[PDB]
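Reviewing the structure listed below.
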Amino acid sequence: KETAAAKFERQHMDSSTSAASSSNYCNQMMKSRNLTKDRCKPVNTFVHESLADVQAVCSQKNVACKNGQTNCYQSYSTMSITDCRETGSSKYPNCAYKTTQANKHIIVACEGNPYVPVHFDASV
Ligand SMILES: [Au+]
């Protein structure tokens with residue numbers, strides 16, 4: 001069983017690229033990170049920062065989670081992110097995505113000991 005922390009790193013971390021490598025990025029990364037396996041994951045965000053910098057958000061600004069839980073944290077600094085958004089043309093198993101790059105504050109849900117990111121909640 002994949003740990004919640006490892007699943008967060010697979011679904012949301014991409015420290016290799018500074019920003020949305022290309023117009024191809026989401027099509028390749030949604031597939032390579034196994035987010036198009038059983039269905040086309042409809043939206044997903046990748047963060048282009050060090051793992052240590054993303055883990056550190058669990059000690060930053062405490063905010064409400066979209067689901068009403070209290071364990072979400074907002075980054076004090078903006079981070080380089082890529083939003084991936086499934087198109088209309090997109091029909092499983094040929095999942096098609098729009099790659100958008102932005103610099104935004106991330107919001108992540110944290111749990112455990114050690115206290116680490118487990119859920120990408122939002123960017124603002
Ligand atoms: Au800011």
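No hydrogens, no waters, no symmetry mates; every other heavy atom, side chains included, goes into these values. Nothing fancy with the numbering, it's 1 onward along the sequence.
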Donor-acceptor pair, side chain of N71 and main chain of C110, under 3.5 angstrom | yes

At what distance, to the nearest 0.5 angstrom, does CG of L35 lie from SG of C95?
-> 10.0 Å

Pairs where residues 21-33 contributes a residue and the test side chain to side chain donor-acceptor pair (under 3.5 Å) is met, not counting sequence neighbours | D14-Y25

Applying side-chain contact (heavy atoms from CB on, under 4.5 Å) to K37 and not counting sequence neighbours gives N34

Among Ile, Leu, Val, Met, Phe, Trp and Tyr joined by side-chain contacts under 4.5 Å, find the other residues sharing a cluster with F120 and list them by chain and number.
-> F8, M13, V47, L51, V54, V57, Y73, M79, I81, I106, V108, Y115

By salt bridge (charged side-chain N to carboxylate O under 4.0 Å, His left out), which residues pair with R10, not counting sequence neighbours?
-> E2

Applying side chain to side chain donor-acceptor pair (under 3.5 Å), which residue pairs with at least one partner in residues 81-96 are found, sequence neighbours left out?
-> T45-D83, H48-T82, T82-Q101, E86-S90, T87-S89

With sequence neighbours excluded, what pairs up with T78 under the side-chain contact (heavy atoms from CB on, under 4.5 Å) test?
-> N103, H105

Going by chain and number, the hydrophobic cluster around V124 (ILVMFWY, side chain to side chain under 4.5 Å) further includes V63, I107

For the student: nearest non-hydrogen atoms of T99 and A20, plus distance = CG2-CB, 3.4 Å

Measure the spacing between NZ of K104 and OG of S80 and express it to the nearest 0.5 Å.
-> 12.5 Å

Can you list the residues that meet the side-chain contact (heavy atoms from CB on, under 4.5 Å) rule with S59, with sequence neighbours excluded?
-> none

Grab the two heavy atoms, one from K66 and one from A122, that are nearest each other, plus how far apart they are.
-> NZ-CB, 3.7 Å

At what distance, to the nearest 0.5 angstrom, does CE of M29 lie from CD of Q11?
-> 11.5 Å

Residues in side chain to side chain donor-acceptor pair (under 3.5 Å) contact with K61, at least two apart in sequence or another chain = none

Name all residues meeting the side chain to side chain donor-acceptor pair (under 3.5 Å) criterion together with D38; count only those two or more places apart in sequence or in a different chain, and write none if there are none.
-> none

Kindly compute the distance separating CD (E49) from OG (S15), expressed to the nearest 0.5 Å.
-> 8.0 Å

Can you name the residues that form a side-chain contact (heavy atoms from CB on, under 4.5 Å) with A56, not counting sequence neighbours?
-> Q60

Applying side chain to side chain donor-acceptor pair (under 3.5 Å) to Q55 and not counting sequence neighbours gives none

